[PDB]
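One chain follows as structure tokens, the form deposited in one PDB entry.
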């Protein structure tokens, strides 16, 4: 029987990779017509998938970068029980597999990471695992903090064995409508086991910051109810990176690349400038 996505599409008809655990991950590529100047991996957040980055990847491809992504295990069109991971390091391991395959085909090109929310934590842990390997990282509202109340709560619930209000994702109501009707997004409540893995990610990010030296651009909304702006200020202070920049979007919510048009246009522009300056 042919292996199929959770939506029943055969993987033989789609770009994919098989991870170290034998699971198929759905892949996406946005390649320039000419010879690329750099590679960039796009790392999506919890519950979402790589297709959400279509416009951002098309902007990056227009700067002569070869953009690539995959749906993390348990997400989008990739295999695995929905929003379940045996250990958070599976996500990092899989990004490194994809990155190594692309570097084999495009040797000598600098490689960048771009991550949003959990995807940002995966990007930080990926660059920390290989110091000096990546040319830069673009983080949009990365997951770097965990409430001490939610932490002790999840630990007690794990010893024993509710969905997000979409309106907190963005002030752009059309973007909230798109999010609520995308069948590849998991809008279910957090499973206890997955909550424990997000706590593991936050702990690992904390320990990684003294060894994090990759250049980075950090974009954060001041009114983000999912990833408190306090974490962006702490990440700026605690990362050892010699090239670090923070931009705060006053009044903006969590999904900065899908926010009010004035915010989204600035986010696209600032990522374009930052990546353009570091691939010149």
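Residues that one form lacks are left out of the comparison. Positions refer to the first chain, counted from 1. We call the rigid core whatever largest set of C-alpha positions still superposes within 1.5 Å between the two forms.
FYI, the form deposited in another entry isn't displayed, but the following is about it.
K.L.:
Core-aligned, between this form and the one not shown, one residue among 176, 90, 109, 146 moves its CA by 2 Å or more. Tell me which.
P.N.:
Shifted by 2 Å or more: 146 only.
K.L.:
Rigid core aligned, does the Cα position of residue 133 differ by 2 Å or more between this form and the one not shown?
P.N.:
Shift at residue 133: below 2 Å after core fit.
K.L.:
Checking residue 155 here: with the core superposed, does its CA move 2 Å or more between this form and the one not shown?
P.N.:
Where the cores coincide, residue 155 still shows a C-alpha shift between this form and the one not shown that is 2 Å or more.
K.L.:
Tell me which consecutive stretches, at least 3 residues long, show Cα shifts of 2 angstroms or more between this form and the one not shown after the core superposition.
P.N.:
Only this run moves by 2 Å or more: 146 to 161.
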